[PDB]
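Colleague: Before anything else, here's the structure in question.
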Ligand SMILES: CCCCc1c(C)nc2nc(SCc3nc4c(c(=O)[nH]c(=O)n4CCCC)n3CC)nn2c1C
């Protein structure tokens, strides 16, 4: 595998960012379908031939959770895009009828529901 993505930013929208960690991520983390997305993809263990040749911006909730905890993000938009990157990576690598895709979509729908609760900008 390549190394996992960075969790620290080498350099106030903090309400939404706090909520992204405490409610959004935690709610997805606890969902039944969370396991494939709780850590960087280990393409050997999970036997995902060519995953890192196809997916150039790998992303996972383990990474996003640490970025939230390290106060890594520029802004809440940047975090929201890591979530979307994770989902869309799954839609790019896998066939649209696969279990893994159905799992991502369900998490994505839940994510959109929780994003609707975000505190104001
Ligand atoms: C035994 C505890 C293992 C935890 C762990 C570790 C250490 N590394 C991992 N790497 C991964 S990759 C999960 C995954 N499986 C996929 C995919 C994927 O995109 N496409 C797939 O077809 N699969 C495999 C589906 C067959 C089970 N992903 C990433 C969304 N999972 N994973 C787990 C659960």
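Numbering (the entry's author numbering), first residue to last: 44 to 54, 58 to 167. All C-beta atoms, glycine included, are put in the ideal place defined by N, C-alpha and C.
Just to confirm the assignment, what range does the alpha helix (DSSP H) spanning residue 161 have?
Modeller: Segment 145 to 161, the alpha helix (DSSP H) holding residue 161.
Colleague: Answer with buried or exposed for residue 148, where buried requires no fewer than 16 other C-beta atoms within 10 angstroms of its C-beta.
Modeller: Residue 148 comes out exposed.
Colleague: Hey, out of 62, 69 and 86, whose CA is closest to residue 131's CA?
Modeller: The shortest C-alpha separation from residue 131 is found at 86.
Colleague: Does the segment 68 to 85 come within contact of the segment 105 to 115, defined as at least 3 CB pairs closer than 8 Å?
Modeller: Contact between the segment 68 to 85 and the segment 105 to 115 is present, because at least three Cβ pairs lie under 8 Å.
Colleague: Starting from residue 61, trace the alpha helix (DSSP H) in both directions and tell me its first and last residue.
Modeller: Counting along the chain, the alpha helix (DSSP H) containing residue 61 begins and ends at 60 to 65.
Colleague: Return the CA-CA distance between residue 55 and residue 53, expressed in angstroms with no decimal places.
Modeller: Between 54 and 58, the chain has no modelled residues, and residue 55 is one of the positions in that gap.
Colleague: Find the nearest neighbour of residue 88 within the set 140, 134, 45 and 162, judged by alpha-carbon distance.
Modeller: Minimum Cα distance to residue 88 is reached at 45.
Colleague: To the nearest angstrom, how far is it from the Cα of residue 120 to the Cα of residue 70?
Modeller: Roughly 18 Å separates the two Cα atoms.
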